[PDB]
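What follows is the content of run.cif, which has mmCIF, C-alpha atoms and all ligand atoms:
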```cif
data_upload
loop_
_atom_site.label_atom_id
_atom_site.label_comp_id
_atom_site.auth_asym_id
_atom_site.auth_seq_id
_atom_site.Cartn_x
_atom_site.Cartn_y
_atom_site.Cartn_z
CA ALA B 1 50.78 78.91 18.55
CA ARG B 2 53.99 79.88 20.44
CA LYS B 3 54.93 77.06 22.83
CA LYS B 4 56.63 78.12 26.09
CA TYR B 5 57.43 75.83 28.99
CA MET B 6 55.81 77.26 32.12
CA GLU B 7 56.04 76.34 35.78
CA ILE B 8 53.00 76.81 38.03
CA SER B 9 53.15 77.06 41.85
CA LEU B 10 50.05 77.13 44.13
CA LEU B 11 50.05 77.93 47.86
CA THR B 12 47.49 78.84 50.47
CA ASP B 13 48.00 79.92 54.10
CA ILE B 14 45.55 80.64 56.87
CA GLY B 15 47.48 83.66 58.23
CA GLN B 16 48.71 84.54 61.75
CA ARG B 17 45.52 86.13 62.99
CA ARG B 18 42.74 83.90 61.66
CA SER B 19 41.37 80.47 62.50
CA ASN B 20 39.59 79.80 59.25
CA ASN B 21 40.86 79.85 55.67
CA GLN B 22 38.04 80.92 53.34
CA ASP B 23 40.35 81.25 50.33
CA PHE B 24 40.42 78.44 47.74
CA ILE B 25 42.95 77.78 44.92
CA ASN B 26 43.40 75.05 42.27
CA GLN B 27 44.57 74.35 38.73
CA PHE B 28 42.88 72.31 35.99
CA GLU B 29 43.57 71.29 32.40
CA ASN B 30 41.04 70.88 29.56
CA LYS B 31 41.03 68.17 26.81
CA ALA B 32 43.15 70.33 24.53
CA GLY B 33 45.87 70.76 27.17
CA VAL B 34 44.94 74.30 28.16
CA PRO B 35 45.72 74.98 31.84
CA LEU B 36 43.36 77.04 33.99
CA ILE B 37 44.12 78.47 37.43
CA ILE B 38 41.27 79.56 39.64
CA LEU B 39 41.77 81.58 42.85
CA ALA B 40 38.81 82.59 45.03
CA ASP B 41 38.48 84.64 48.18
CA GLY B 42 35.25 83.80 50.04
CA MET B 43 33.38 85.88 52.62
CA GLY B 44 30.57 85.14 55.09
CA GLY B 45 30.31 83.93 58.71
CA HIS B 46 30.64 80.27 59.85
CA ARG B 47 31.57 78.36 56.64
CA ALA B 48 29.68 80.43 54.01
CA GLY B 49 33.00 81.86 52.82
CA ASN B 50 34.51 78.37 52.68
CA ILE B 51 31.60 76.91 50.70
CA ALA B 52 31.46 79.75 48.15
CA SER B 53 35.20 79.72 47.41
CA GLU B 54 35.52 75.93 47.16
CA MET B 55 32.28 75.59 45.12
CA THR B 56 33.18 78.18 42.48
CA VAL B 57 36.67 76.73 42.01
CA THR B 58 35.54 73.05 42.01
CA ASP B 59 32.43 73.55 39.75
CA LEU B 60 34.15 75.76 37.17
CA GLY B 61 37.26 73.61 37.02
CA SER B 62 35.36 70.39 36.76
CA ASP B 63 33.37 71.88 33.90
CA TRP B 64 36.61 73.21 32.38
CA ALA B 65 38.15 69.75 32.41
CA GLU B 66 35.46 68.52 30.05
CA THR B 67 35.92 71.28 27.51
CA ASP B 68 37.60 71.14 24.15
CA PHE B 69 38.74 74.62 23.22
CA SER B 70 42.11 76.05 22.35
CA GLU B 71 41.30 79.57 21.20
CA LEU B 72 41.06 82.78 23.26
CA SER B 73 37.63 83.82 22.05
CA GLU B 74 36.07 80.46 22.96
CA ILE B 75 37.67 80.55 26.40
CA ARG B 76 36.38 84.13 26.82
CA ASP B 77 32.79 83.08 25.98
CA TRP B 78 33.19 80.28 28.52
CA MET B 79 34.37 82.61 31.31
CA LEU B 80 31.59 85.18 30.93
CA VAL B 81 28.96 82.43 30.83
CA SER B 82 30.21 80.16 33.71
CA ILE B 83 30.70 83.08 36.07
CA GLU B 84 27.08 84.16 35.65
CA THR B 85 25.78 80.66 36.31
CA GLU B 86 28.00 80.40 39.40
CA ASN B 87 26.93 83.88 40.57
CA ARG B 88 23.27 82.86 40.64
CA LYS B 89 24.12 79.36 41.99
CA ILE B 90 25.85 80.83 45.06
CA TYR B 91 23.22 83.56 45.56
CA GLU B 92 20.47 80.95 45.54
CA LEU B 93 22.47 78.79 47.96
CA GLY B 94 23.01 81.90 50.10
CA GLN B 95 19.24 82.34 50.32
CA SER B 96 17.96 78.78 50.99
CA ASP B 97 20.01 78.10 54.10
CA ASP B 98 20.55 81.09 56.32
CA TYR B 99 24.05 82.00 55.09
CA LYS B 100 24.49 85.67 55.93
CA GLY B 101 26.51 87.47 53.24
CA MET B 102 27.83 84.52 51.24
CA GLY B 103 30.09 85.38 48.35
CA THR B 104 33.51 85.13 46.78
CA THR B 105 36.04 87.03 44.68
CA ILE B 106 37.38 85.31 41.57
CA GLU B 107 40.50 85.21 39.43
CA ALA B 108 40.32 82.75 36.58
CA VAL B 109 43.37 82.55 34.34
CA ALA B 110 43.86 80.35 31.29
CA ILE B 111 47.20 80.04 29.47
CA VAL B 112 47.06 79.70 25.69
CA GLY B 113 50.57 79.38 24.26
CA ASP B 114 52.33 82.34 25.88
CA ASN B 115 49.17 84.42 26.17
CA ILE B 116 46.95 84.57 29.22
CA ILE B 117 43.32 85.52 29.39
CA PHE B 118 41.75 86.34 32.72
CA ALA B 119 38.36 87.00 34.25
CA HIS B 120 38.37 89.09 37.47
CA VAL B 121 35.72 89.89 40.13
CA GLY B 122 36.53 91.46 43.52
CA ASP B 123 39.71 92.69 45.20
CA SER B 124 41.94 89.75 44.37
CA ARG B 125 44.80 90.72 42.09
CA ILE B 126 46.82 89.71 39.06
CA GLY B 127 50.22 91.14 38.23
CA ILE B 128 53.26 90.57 36.08
CA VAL B 129 56.79 90.85 37.36
CA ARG B 130 59.29 91.73 34.57
CA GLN B 131 62.91 92.90 34.94
CA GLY B 132 62.38 93.44 38.68
CA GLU B 133 59.13 95.40 38.27
CA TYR B 134 55.50 94.61 39.27
CA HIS B 135 52.85 95.59 36.73
CA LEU B 136 49.30 95.62 38.09
CA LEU B 137 46.75 94.17 35.63
CA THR B 138 43.42 94.27 37.53
CA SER B 139 41.54 97.01 39.30
CA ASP B 140 40.05 96.34 42.74
CA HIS B 141 36.25 96.36 42.72
CA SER B 142 36.14 98.49 45.80
CA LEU B 143 34.49 101.59 47.19
CA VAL B 144 37.55 103.87 46.86
CA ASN B 145 37.99 102.95 43.16
CA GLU B 146 34.35 103.91 42.46
CA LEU B 147 34.97 107.31 44.07
CA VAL B 148 37.99 107.84 41.82
CA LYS B 149 36.11 106.86 38.65
CA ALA B 150 33.16 109.20 39.44
CA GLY B 151 35.63 112.05 40.07
CA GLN B 152 35.28 112.27 43.84
CA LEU B 153 38.82 111.26 44.77
CA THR B 154 42.22 111.48 43.11
CA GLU B 155 44.25 108.29 42.79
CA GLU B 156 46.73 109.65 45.38
CA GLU B 157 43.85 110.31 47.81
CA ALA B 158 42.53 106.73 47.46
CA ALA B 159 45.95 105.30 48.18
CA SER B 160 45.83 106.89 51.64
CA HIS B 161 42.12 106.40 52.36
CA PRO B 162 41.85 105.37 56.06
CA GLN B 163 38.93 102.88 55.76
CA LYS B 164 39.31 99.18 54.92
CA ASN B 165 38.30 98.07 51.41
CA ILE B 166 34.53 97.58 51.10
CA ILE B 167 33.98 95.30 48.09
CA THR B 168 31.50 96.47 45.42
CA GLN B 169 30.87 93.14 43.70
CA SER B 170 31.34 89.47 44.43
CA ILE B 171 30.14 86.19 43.06
CA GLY B 172 26.92 85.30 44.90
CA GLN B 173 25.11 88.65 44.59
CA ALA B 174 21.56 89.51 43.39
CA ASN B 175 22.48 91.62 40.32
CA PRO B 176 24.53 90.02 37.50
CA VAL B 177 28.31 90.43 37.92
CA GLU B 178 30.43 92.48 35.55
CA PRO B 179 33.85 90.74 35.47
CA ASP B 180 36.91 92.42 33.95
CA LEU B 181 38.59 90.50 31.16
CA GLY B 182 42.09 90.89 29.76
CA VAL B 183 44.46 89.27 27.28
CA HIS B 184 48.20 89.68 27.87
CA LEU B 185 51.46 88.36 26.47
CA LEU B 186 53.93 86.69 28.83
CA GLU B 187 57.63 87.21 28.02
CA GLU B 188 60.54 84.89 28.88
CA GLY B 189 61.52 85.38 32.53
CA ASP B 190 58.15 86.88 33.58
CA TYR B 191 56.25 85.89 36.71
CA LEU B 192 52.48 85.97 36.64
CA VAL B 193 51.38 86.66 40.20
CA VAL B 194 47.80 85.79 41.08
CA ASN B 195 46.83 86.57 44.69
CA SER B 196 44.07 87.26 47.24
CA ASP B 197 44.24 90.52 49.18
CA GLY B 198 46.09 88.91 52.09
CA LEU B 199 49.32 89.01 50.12
CA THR B 200 49.10 92.54 48.79
CA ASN B 201 47.65 94.11 51.95
CA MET B 202 50.77 92.93 53.79
CA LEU B 203 53.43 93.30 51.02
CA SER B 204 54.22 96.14 48.66
CA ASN B 205 54.56 95.39 44.91
CA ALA B 206 58.30 95.93 45.04
CA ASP B 207 58.48 93.56 48.08
CA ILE B 208 56.86 90.83 45.91
CA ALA B 209 59.24 91.66 43.05
CA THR B 210 62.15 91.33 45.49
CA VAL B 211 61.18 87.84 46.66
CA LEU B 212 60.88 86.54 43.13
CA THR B 213 64.27 87.93 42.02
CA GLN B 214 66.30 85.44 44.00
CA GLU B 215 67.81 82.23 42.74
CA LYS B 216 65.49 79.79 44.49
CA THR B 217 62.74 77.45 43.23
CA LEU B 218 59.27 78.80 42.50
CA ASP B 219 57.81 76.69 45.33
CA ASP B 220 60.42 78.17 47.79
CA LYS B 221 59.62 81.69 46.56
CA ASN B 222 55.89 81.17 47.13
CA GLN B 223 56.71 79.97 50.66
CA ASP B 224 58.80 83.12 51.18
CA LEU B 225 55.88 85.27 50.06
CA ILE B 226 53.48 83.92 52.68
CA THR B 227 56.14 83.85 55.43
CA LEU B 228 56.79 87.54 54.78
CA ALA B 229 53.05 88.27 54.66
CA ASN B 230 52.75 86.59 58.05
CA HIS B 231 55.73 88.55 59.42
CA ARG B 232 54.05 91.76 58.30
CA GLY B 233 50.95 90.74 60.27
CA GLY B 234 49.09 87.91 58.54
CA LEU B 235 45.74 89.60 59.20
CA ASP B 236 43.93 87.72 56.46
CA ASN B 237 44.14 84.47 54.51
CA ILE B 238 46.99 84.59 51.99
CA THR B 239 46.70 82.67 48.72
CA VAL B 240 49.03 82.87 45.72
CA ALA B 241 49.42 81.34 42.26
CA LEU B 242 52.78 81.96 40.61
CA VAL B 243 53.57 81.19 36.98
CA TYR B 244 57.20 81.45 35.77
CA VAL B 245 57.93 81.60 32.01
CA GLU B 246 60.94 79.41 31.27
CA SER B 247 63.87 80.38 29.05
MG MG V 301 37.74 85.92 52.43
MG MG V 302 40.94 88.31 51.83
#
```

Any chance you could put this one into structure tokens?
Amino acid sequence: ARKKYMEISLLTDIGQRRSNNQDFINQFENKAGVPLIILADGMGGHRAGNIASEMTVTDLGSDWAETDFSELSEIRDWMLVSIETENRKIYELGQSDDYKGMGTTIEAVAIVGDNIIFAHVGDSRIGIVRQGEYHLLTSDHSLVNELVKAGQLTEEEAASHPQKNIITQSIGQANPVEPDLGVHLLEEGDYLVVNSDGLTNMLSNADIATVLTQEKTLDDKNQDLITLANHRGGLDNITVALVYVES
């Protein structure tokens, strides 16, 4: 019950080094006017990553469009439920054709007034940029983060771990998924930054904060983010949702 005008910008890019974009991103709006942004990073050889990412985003968002709710707790019930049905829908689909290792990350973000609530599965990320500073909101579901949490690495040690991130859960797996949820307040001038790993593997947090500090449109800033990610190497698909909170 605190109306803020908010600008949303979506962009996806294949990257310099890849010939297939298995990321998917889209926005939706339910019958009560509540926007939802869904970003998904798919994995799996010849089109299994494409299918999983586009299916999750399209199915959830199409179901979202038919809903009625305007409260956080109702939206939260919806996220926990829909993600489990999509998890078993993609696993089943992974089994019945021979799709080796089909799965996707998810970030699902709904904006109620000036609050956001997210559901998060994988190594995609959500951050807030305020007064030139990036605040990380999600924790990567990765091998190195499990080692920290069990007391086998320090946080400093994981930051310089030499192996690539092996994901520990994704949508389309046999066991039920455990998504992370979070409610946060957005302040005037903030930027919500929702991205797949292709942004943040190539750019530092402060680099992202730098791009968004300029006086340019949101759409131009999002273009600058992927251009920079490509200049740094572009080794993976880059996909970003930006939300700016108007003053
Ligand atoms: Mg992928
Ligand atoms: Mg990726």

Handout entry: Separation of CA of residue 82 (chain B) from CA of residue 2 (chain B) in Å
Key = 27.2 Å

Handout entry: Spatial neighbours of region 106-112 of chain B, max dist 6 Å, only C-alpha atoms, sep filter under 2 positions, as a ChimeraX atom specification
Key = /B:35-40,114-121

Problem - Long-range neighbours of region 149-163 of chain B as number ranges by chain, 12 Å cut-off, all atoms listed in the file, 5 positions minimum in chain - result: B: 139-144, 201

Using C-alpha atoms, can you write the selected residues to a file as a PDB file, keeping the file's coordinate frame?
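Ended up saving to result-v1.pdb:
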```
ATOM      1  CA  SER B 139      41.540  97.010  39.300  1.00  0.00           C
ATOM      2  CA  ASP B 140      40.050  96.340  42.740  1.00  0.00           C
ATOM      3  CA  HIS B 141      36.250  96.360  42.720  1.00  0.00           C
ATOM      4  CA  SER B 142      36.140  98.490  45.800  1.00  0.00           C
ATOM      5  CA  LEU B 143      34.490 101.590  47.190  1.00  0.00           C
ATOM      6  CA  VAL B 144      37.550 103.870  46.860  1.00  0.00           C
ATOM      7  CA  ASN B 201      47.650  94.110  51.950  1.00  0.00           C
TER       8      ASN B 201
END
```

Problem - Best match for closeness to residue 185 (chain B) among B:18, B:31, B:130, B:216, counting all atoms listed in the file - result: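 Among B:18, B:31, B:130, B:216, it is B:130 that comes nearest to residue 185 (chain B).
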
Handout entry: Selected residue of minimal separation from residue 65 (chain B) among B:133, B:29, B:84, B:188, counting only C-alpha atoms
Key =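 Closest candidate: B:29.
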
Quick one: residues within 8 Å of residue 23 (chain B), only C-alpha atoms counted, chain neighbours fewer than 6 positions away excluded, as a compact mmCIF listing (two decimals) with C-alpha atoms, in the coordinates of the input?
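After the write, out-v1.txt holds the following:
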```txt
# COMPACT_ATOMS: atom_id res chain seq x y z
CA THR B 12 47.49 78.84 50.47
CA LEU B 39 41.77 81.58 42.85
CA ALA B 40 38.81 82.59 45.03
CA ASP B 41 38.48 84.64 48.18
CA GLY B 42 35.25 83.80 50.04
CA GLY B 49 33.00 81.86 52.82
CA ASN B 50 34.51 78.37 52.68
CA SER B 53 35.20 79.72 47.41
CA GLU B 54 35.52 75.93 47.16
CA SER B 196 44.07 87.26 47.24
CA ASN B 237 44.14 84.47 54.51
CA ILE B 238 46.99 84.59 51.99
CA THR B 239 46.70 82.67 48.72
```
